[PDB]
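Remarks on the structure that follows.
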Amino acid sequence: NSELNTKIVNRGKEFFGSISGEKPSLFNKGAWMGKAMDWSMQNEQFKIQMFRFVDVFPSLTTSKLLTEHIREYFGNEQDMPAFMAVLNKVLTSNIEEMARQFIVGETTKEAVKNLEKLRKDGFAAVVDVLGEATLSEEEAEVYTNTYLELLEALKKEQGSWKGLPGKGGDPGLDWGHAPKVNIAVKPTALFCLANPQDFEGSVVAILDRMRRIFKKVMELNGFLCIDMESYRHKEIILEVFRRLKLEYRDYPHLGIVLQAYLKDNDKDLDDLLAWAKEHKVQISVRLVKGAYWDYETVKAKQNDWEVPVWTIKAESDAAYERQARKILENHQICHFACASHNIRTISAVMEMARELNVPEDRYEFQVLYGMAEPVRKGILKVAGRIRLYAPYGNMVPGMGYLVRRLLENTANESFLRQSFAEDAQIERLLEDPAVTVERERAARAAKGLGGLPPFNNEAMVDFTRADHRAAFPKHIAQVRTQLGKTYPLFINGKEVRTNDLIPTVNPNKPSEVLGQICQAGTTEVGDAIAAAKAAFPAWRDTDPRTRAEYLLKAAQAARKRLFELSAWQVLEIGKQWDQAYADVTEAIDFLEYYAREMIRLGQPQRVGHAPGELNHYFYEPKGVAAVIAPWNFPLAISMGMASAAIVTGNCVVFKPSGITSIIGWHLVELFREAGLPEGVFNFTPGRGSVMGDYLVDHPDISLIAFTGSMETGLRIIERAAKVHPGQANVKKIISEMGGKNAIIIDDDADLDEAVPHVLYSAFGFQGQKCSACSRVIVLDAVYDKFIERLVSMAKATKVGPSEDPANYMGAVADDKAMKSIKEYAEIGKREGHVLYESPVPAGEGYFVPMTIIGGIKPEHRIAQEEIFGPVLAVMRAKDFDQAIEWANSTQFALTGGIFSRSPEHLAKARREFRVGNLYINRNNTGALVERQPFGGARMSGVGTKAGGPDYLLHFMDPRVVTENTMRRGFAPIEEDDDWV
Amino acid sequence: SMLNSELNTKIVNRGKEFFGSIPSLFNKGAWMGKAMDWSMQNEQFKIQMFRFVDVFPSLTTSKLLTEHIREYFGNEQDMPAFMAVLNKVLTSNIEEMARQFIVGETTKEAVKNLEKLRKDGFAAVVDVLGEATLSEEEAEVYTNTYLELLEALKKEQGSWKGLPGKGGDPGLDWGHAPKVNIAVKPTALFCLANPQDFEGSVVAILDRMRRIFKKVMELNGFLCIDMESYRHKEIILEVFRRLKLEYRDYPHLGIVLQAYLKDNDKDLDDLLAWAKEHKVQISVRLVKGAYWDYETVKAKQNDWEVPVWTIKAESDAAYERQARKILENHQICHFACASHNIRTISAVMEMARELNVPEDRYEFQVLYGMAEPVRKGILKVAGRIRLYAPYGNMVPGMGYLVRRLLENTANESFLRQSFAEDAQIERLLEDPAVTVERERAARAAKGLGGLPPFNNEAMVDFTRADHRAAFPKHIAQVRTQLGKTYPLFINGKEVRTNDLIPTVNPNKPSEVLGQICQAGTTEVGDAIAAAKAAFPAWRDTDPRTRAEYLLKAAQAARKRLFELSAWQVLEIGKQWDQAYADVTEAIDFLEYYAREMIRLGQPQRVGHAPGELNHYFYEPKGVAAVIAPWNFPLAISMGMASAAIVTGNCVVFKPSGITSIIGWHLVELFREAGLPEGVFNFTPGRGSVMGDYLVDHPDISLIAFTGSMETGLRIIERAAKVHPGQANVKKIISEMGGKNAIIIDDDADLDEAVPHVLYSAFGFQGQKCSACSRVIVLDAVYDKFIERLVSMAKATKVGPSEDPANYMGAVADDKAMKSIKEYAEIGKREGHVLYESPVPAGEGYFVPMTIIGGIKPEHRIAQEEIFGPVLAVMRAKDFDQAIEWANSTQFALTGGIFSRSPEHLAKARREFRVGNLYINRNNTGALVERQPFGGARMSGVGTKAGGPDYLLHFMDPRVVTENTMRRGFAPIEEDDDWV
Ligand SMILES: Cc1cc2c(cc1C)N(C[C@H](O)[C@H](O)[C@H](O)COP(=O)(O)OP(=O)(O)OC[C@H]1O[C@@H](n3cnc4c(N)ncnc43)[C@H](O)[C@@H]1O)c1[nH]c(=O)[nH]c(=O)c1N2
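As you go down the protein sequences, you meet chains B and A in turn. Here the first sequence stands for residues 3 to 86, 102 to 463, 470 to 1003, numbered as in the entry's author numbering. Here the second sequence stands for residues 0 to 21, 26 to 86, 102 to 463, 470 to 1003, numbered as in the entry's author numbering.
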């Protein structure tokens, strides 16, 4: 509204006038930090080096680590900027100085002394406790107890504090109305397993500790603010606030943070206000724009979720002014904290509040300590009511906080950068951001092949959504109404029953029988092969684009049954909810990706450029493919190998693993729904001891795709190499076998990241993945600290049925797996020393304890042999060279990981840690189609990589047709001829 | 210059006297004019129509005709308005079109039609139509047709008054010219005419030409020696020179020179100087040239310099330039202007006037049936016109028709421009030198990593005197180098052993080329150890650097091309061309795999998610065993070894025993390239001693093998075993046998099918995995195809490969000879022998060139790879059975089909499922990049050497995935999916 807007702009102009050209320290080019940020803002490579250096800085605890990282990040002295061992000293002192700029102290007593100084200068505070990520219950308790310690100290001090001057109200309160003690707590720091996948358990665990802090806050009439973290926990945190508020409906000093950069926030704010009115309670909202913009955008893109934040900066500004107005209009029920360093934003709030004649006791202004100093002083002068967000504590998390402040101040879109570094025009800085949104929305208004959109991975299940959370228990119940069926063979489009039945049961509850599976003898396998062979000529002659269309239809059929198909996997093979869904999305990805790959490869290409001649190079299928599939990714890998064979023009005889035969039947259902011609896909579960060699040895098999154990894979390779009478082809092997995968934890690893990634890599789906981390190789100097945190986190996790989302892992695949794994755990406990062995539920279930064993060395059996269960070996390496040597000390080379922030060590790992899939600074499991084509060599496979652009070629053979186009002295000229 | 402008004005003005004084294909009222018009408007149609006319004379049944009509022109709705009835429509029209260009189908009709033309004031030069000469019987028929014609003409000419002239002998044409004038195609006189055997070709052609010439002289006639494709130009010049000197006083012998050849300025200068030196006179018929598209294509296919000008005006300019040179030399050189181009004719006329040339020193010639108003106008303006008049069988008459239609309707044709186009006369009569400069100026407006794009190495080119002389010289030089002992080469050191095996010349086994040290298991083990020790540093060597060694090796080989070829002539009995092609293929592999590794050597980002980088790249495997064949001893050895090496593996190489010296060439080439020690190790040895040891060794990660199915299958079976300490599952790269068929369809062009089949079967005496060992011939063309194939076979000679007069020679060694002969005997009990050549007496592993018919798919020689000069002929009842029979073996390596049926060609492309299918050419001689080579079934494991998938087989892929987000920030990368 032009009138209000003009008052806002003039208010903003006065503000800029009052500042007198002063710059915040970060933009003071006479200071070292100003120089560092100046160069960071001019040179993106330096910015990345400098900011990553500050991130790793607190782990550089020896002279050697420090000296080496300085050289690795910034180069030799002669090549550093001028503003930049004496060098160790100058860098250390300047970085520590920058971090102290944003922190009120390292101890409670220091924090308190400094806050009282702040009061004497007219500033109120909200205190925050710095901390590393909470990875255990002990860490959650230390964090909780620090707030209690802080509150007990403030309790003794606040009586001696005169209330900050206000225009009215109570002289014992700040500005006449605000409680003198105000603290902010990060909710997920109160529960190390906070996850919307276990929504209720997460709310309760956080609520219980928040309640303890809150009672102490109430005891001294203080204010508690529940801070808002990443989008993943937003709904959990809102529910925590609501419940705590209702437990103390008469206590007014409880706040929640809401983030204006979220598209959800208009609705979330309106819902919260309606909720408060409904319940006749009052609330307090600290509105911020939001702290995790880059993270949310990246995470959403990585999982093919809708980006939850606005992506044009002015949209967040516009959203802020809009939502601030809403809060102010509702000042009767909603107290407001304006949390922004943007003068336009601040000015907007001030003018809107004056216009709505909001009482001053219903709104205050807040800024981050040590930041935008002239804005802070300007707020004091014009508004009077200004509160500093004041973190205190250890320098280790202090450095992480510093990095976030540097990122915030130096961002391209940063109001502070634009005002104080870039000399932006005031009129542009102060313009209505709604106007800004239109102009940039308008400017912004300015690829696949063959009519198909490009490949994108199917969206992962998203438990921030209530509907996704509710879908699993519903679809599991539906599956339970479908139990007890008999599953026949499927050959040449018909069901063939045998009289050899094997039950398939729930590994978490073996008395629960899911169905009975018919077993194929050699007779039926031979029939299936004969059917595939008869179907092959017509299928081979089918246009590749038409073959791809069948995979696309199968993908659509699967997509429509996504939760149903997932639920079957939860019960049949003990997949956790997320593990099951990811198995189904991966199956979908293979279908979408291989369809596209066949379309790409299906067009014959001209080769050579000589005139009078046309050479066309193209591919043809081999014949009948045996597909022998594992139980651990029962839909994904089955569908991957089968659809790859099918789309390339081969016909398939498919043997699922016995214990996941129902999932294998899903391929029958999906390919039938797609209308696949009969005989192209045949489903023949059977006993390996009866028909295993028969299927592999058969003369009409031309290709064998196998995923499973090395022993079986090697046997197949040996038997398949023989050419029997009537055998048309040398048999082609496509094989992925075991791994004994290591993750290296280097001295400078970020343990906040390493610990949960190692735990998930080792124990996700009970460790039953060929990619699972079974060896964690830890550098000497960080060993004790890493292990303490790894074991403490493991202790917080629960083992139990996979249908219950509160359990981290559950039973292993079957009775034989359980016995094999337990034997390996006993072997390991005699080779090394047990560090952790979890409780398991009493009663039925193939439960193996989550097990961590230290003291492991490369000559030990559990350092060498694939266990395929929740048994983690911890190995202590004396130096990085030994770590690499130990990583490479097995006969396998499937996956590997390394957590390190040393460019030199990462480079050595890229070169020498020669696994098929090496992961840097993240878990080594969860490979995605296209992004991480999966497979290795050594004893881990034959160098074929599923989900990659070389894969389909392995299912075909190339052919060339060469035509002499010259007749009677003339040949047609072709576009690409070498001519004259 | 100023003089230039004045003469041009006279030429332009003369051009208009021709146009004022002034064909049936451009007449849009006649059916042909309509068919031609649509051909000139729609190129797709032109191609169909011309190819249809080409195949037309093979369409001998109602079924063939009807189906080809449908396949070429679509259904009676698809085809245009000027188009069973259609069968009748096309037949009469096409036959009528062909008759327009020939003066008769018999000698009597021809002679009667020539006499008509005489009374109409036209002289003639008579030519005999014929299919390609493929045998001695055919060359004799062609020869005797000329003698028969001359005998007929001899009785008529005394009755002819000479064409009216300005004076002289009234019994002679125009007072001076012989009434009888004939033209002969020299290569039609010898079915094996080939500059590779230069002297033999000259003599064989010369002997028949002399016989014709004697008869010509007996009636005081004129003999013109026509000029054919560039391949035979030097042969034909030499035939003309020898015959001329044999009858130095007889003035009525002419040669054709082609102005489209860049060589022609010098060839004409040389010929004129030659005539003055020998004090003889000559006659030249200057033409522009009949084989333009062919010469351009052929040159590009063999990486030779294109021998013709490629801007049409350059040929016109050359013609006027060369006609002037002849006319300046009119005292010694009689001139026949042979062009239908009015500018060209007017230029000759005004130059002759400018140089005051007497009329008895030049005449004008045009082809019969063509440029009638030019022949009308030239007769009236120029006065002395001779029609080139072919006569004979309708079959070659149709092929001649195709050429005339091609000439008349070419975009750059002076005739097409003059009429159908309605062009400005100013542009048509323009000095072609001015056109040249403009077009050259217009024309005055790729590789990777600084390297030129790949091109195949130029093939040996025996049109050149230096290439012809190089082989005898280099064979001699190799013979000064015999008698050496060749050691193992391990870890950069020569290692001698006490076990020596001689290598001898298969065409002369008493000639011993050297002694080869054999490696025991201990030496093999040492070489594997050396390779393994060199591997980590080699693996860590930049792909671009590794590729550089291959490029150095390729330059090293390129500098020794003739020397390297000569060793193969002597050590394994390669013919000259076969030997040189073996070395160029080796060079091609080096150049191609170097480029392929550079392309594949860069890690590529995969996926597009932000906060993440995935890089996909390749790693070598380790030690590669390379087990090489003797039949392509440099090419395939170098291909398999350089591929393994460039991809970062280290090689232990076992050459075949009988080509161990060729194996040593790899040692020499890699050493000259400076390859690091241990990366390539040379260990010849006895299979019975060290074969399994090498294959079984646990330090071996890859085996590259080319050879027999039996040995290949054993290797595959043994390598599948993982032994203690074996790091990888062994990768197999294998090319094994073939039992390759060529199908000869009913409508096949037999002039092409016959020599290509003969070459495919007996080139390098059948010792190629790609060789044709089965020719599957359609029922209705069987008897005719076999007669010509057998008759051509009979004309070839078996003997030592160092003598280029021989087609094929001795097989590889004693063992091969015994094995092949056992198969021949087996074959002769299974079928019936059609041909079995003589072979030289005395020493040498000679097996006769052998052709056997009555063969069916159940027969052993229809199934088992013989690897020798034994060709099975199989008679198929229809095309479906031909395809079935072609597919009836356990092999699928190469195959060929001669057919001009779109439907049959489509069926073959789909169903004749070999690794390399060839259409209308031989099925041998695959080239790098153009024909990546290899197959499946029992012929291999689907790896194709010389193609873009091949290097991946020697490596394994790796992916590195990095989470780039720290503390909530990640660098934005170019190809990120972002906002
Ligand atoms: C007292 C107090 C307490 C807290 C916080 C701040 C203060 C002052 N913060 C941090 C807060 O989110 C952060 O400081 C502000 O977003 C900074 O924005 P300004 O108005 O200062 O600056 P400025 O006006 O320059 O705004 C920058 C903001 O715009 C947004 N943005 C940047 N690029 C964008 C784009 N391309 N598209 C759309 N939006 C874009 C981001 O939110 C970014 O922070 C927070 N944060 C949080 O999430 N939870 C919390 O509990 C707290 N706690």
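Note that the Cβ used here is the ideal one computed from N, Cα and C, for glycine as well.
I want to see whether chain A comes within less than 8 angstroms of residue i, judged by CB atoms only; does it?
| i | result |
| --- | --- |
| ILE943/B | yes |
| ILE740/B | yes |
| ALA558/B | no |
| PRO981/B | yes |
Is the shortest distance between the beta-carbon of residue i and the beta-carbons of chain B less than 8 angstroms?
| i | result |
| --- | --- |
| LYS745/A | yes |
| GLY387/A | no |
| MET989/A | yes |
| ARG568/A | no |
Could you say which of the options lies nearest to residue i if we only look at CA atoms?
| i | options | result |
| --- | --- | --- |
| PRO376/A | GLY185/A, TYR265/A, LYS497/A | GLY185/A |
| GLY823/B | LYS532/B, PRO748/B, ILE243/B | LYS532/B |
| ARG990/A | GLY851/B, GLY878/B, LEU424/B, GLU481/B | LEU424/B |
| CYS674/B | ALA554/B, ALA590/B, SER247/B | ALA554/B |
| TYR847/A | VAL799/A, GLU701/A, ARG884/A | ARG884/A |
| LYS792/A | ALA906/A, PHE903/A, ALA141/A, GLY949/A | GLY949/A |
| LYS497/A | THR314/A, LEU588/A, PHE17/A, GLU518/A | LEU588/A |
Please compile the residues from chain A whose C-beta is within a distance smaller than 8 angstroms of the C-beta of residue i.
| i | result |
| --- | --- |
| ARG961/B | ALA751, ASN752 |
For residue i, which residues in chain A fall below 7 angstroms Cβ to Cβ?
| i | result |
| --- | --- |
| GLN955/B | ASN638, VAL983, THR985 |
| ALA633/B | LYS318, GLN319, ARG954 |
| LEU976/B | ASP973 |
| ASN940/B | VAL983, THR985 |
In chain B, which residues lie with their C-beta within 7 angstroms of the C-beta of residue i?
| i | result |
| --- | --- |
| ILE50/A | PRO995 |
| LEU737/A | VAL746 |
| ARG54/A | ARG990 |
Chain A partners of residue i, CB-CB under 9 angstroms?
| i | result |
| --- | --- |
| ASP1001/B | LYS318, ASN479 |
Report the residues of the stretch 412-425 of chain A with a CB closer than 8 angstroms to any CB of chain B, ordered along the chain.
Taking 8 angstroms as the Cβ-Cβ cut-off against chain B, the residues of the stretch 412-425 of chain A that qualify are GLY417, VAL420, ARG421, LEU424.
Chain A contacts made by the stretch 307-335 of chain B, where a contact means CB separation under 7 angstroms
For the stretch 307-335 of chain B, which is checked against every Cβ of chain A, the residues closer than 7 angstroms are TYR309, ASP311, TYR312, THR314, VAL315, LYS318, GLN319, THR328.
For the stretch 601-625 of chain A, list every residue whose C-beta sits within 9 angstroms of some C-beta in chain B, in sequence order.
Taking 9 angstroms as the Cβ-Cβ cut-off, the stretch 601-625 of chain A has no residue approaching chain B.
For the stretch 640-672 of chain B, which residues have a beta carbon sitting closer than 8 angstroms to at least one beta carbon of chain A?
Answer in chain order: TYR640, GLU643, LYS645.
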